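Engineer: Can you keep this structure in mind? I'll have questions shortly.
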Amino acid sequence: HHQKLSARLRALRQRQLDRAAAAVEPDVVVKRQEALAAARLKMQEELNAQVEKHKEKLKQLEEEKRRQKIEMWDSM
C-alpha cells in the first residue's frame, strides 16, 4: 500500500527538517557554545602547562650554562 510508503517518507522528512531546525533553537545554541568554550578551556590550560614547562627548561639550561663558565675558571 502506497499510503504506507508515503507516510513513512512524510514522517522521515519532518524528522529531518526538525533535526535541521534544531541547531538554531536557543538551548542548542547555548550548548554548542558551552561545548566550544569547554574545548577551548581544555586547550588553554594545556598550552599554559606547556608554556611553563618550556620556561622551566630555559632556566635549567641557563643555569647549566653558568655551571660551564664557572667550571672553566675553577680548573685554571
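What follows draws every value from the coordinates through simple rules; no lab data is involved. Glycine also receives a Cβ, built like all others from the backbone with ideal geometry; neighbour counts cover every protein chain displayed.
Engineer: Considering the dipole of the chain built from charges on the beta carbon (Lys and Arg +1, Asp and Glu -1) around the Cα centre, which of 48, 3, 60 is farthest to its positive end?
Structural biologist: Positive-most Cα among the choices belongs to 3.
Engineer: With a point put 7 Å past each Cα toward its Cβ, work out how far residue 52 is from residue 29 in nm, to one decimal.
Structural biologist: So the label points at residue 52 and residue 29 sit 3.7 nm apart.
Engineer: Nearest 500 deg cm²/dmol is fine: what mean residue ellipticity at 222 nm does the chain get from its DSSP H runs of n ≥ 4 alone, each adding -39,500 (n - 2.57), divided by its residue count?
Structural biologist: Value at 222 nm, helices only, nearest 500: -33000 deg cm²/dmol.
Engineer: Taking K and R as +1 and D and E as -1, what net charge do the other residues with C-beta under 15 Å from the C-beta of residue 20 add up to?
Structural biologist: Details: positive: 13, 15, 19, 32; negative: 18, 25.
Around residue 20, the surrounding residues sum to +2.
Engineer: Continuing with this model, one more query. Using only Cα positions of the chain, each an equal point scatterer, no hydration layer, compute I(q)/I(0) via Debye at q = 0.21 Å⁻¹ and quote the log10 values to two decimals.
Structural biologist: Log10 I(q)/I(0), no solvent term: -0.95.
Engineer: Now a separate question. At a Cα cut-off below 24 Å, give the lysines reachable from residue 31, other chains included and same-chain residues fewer than 8 away excluded.
Structural biologist: Hits, sequence-local ones excluded: 42.
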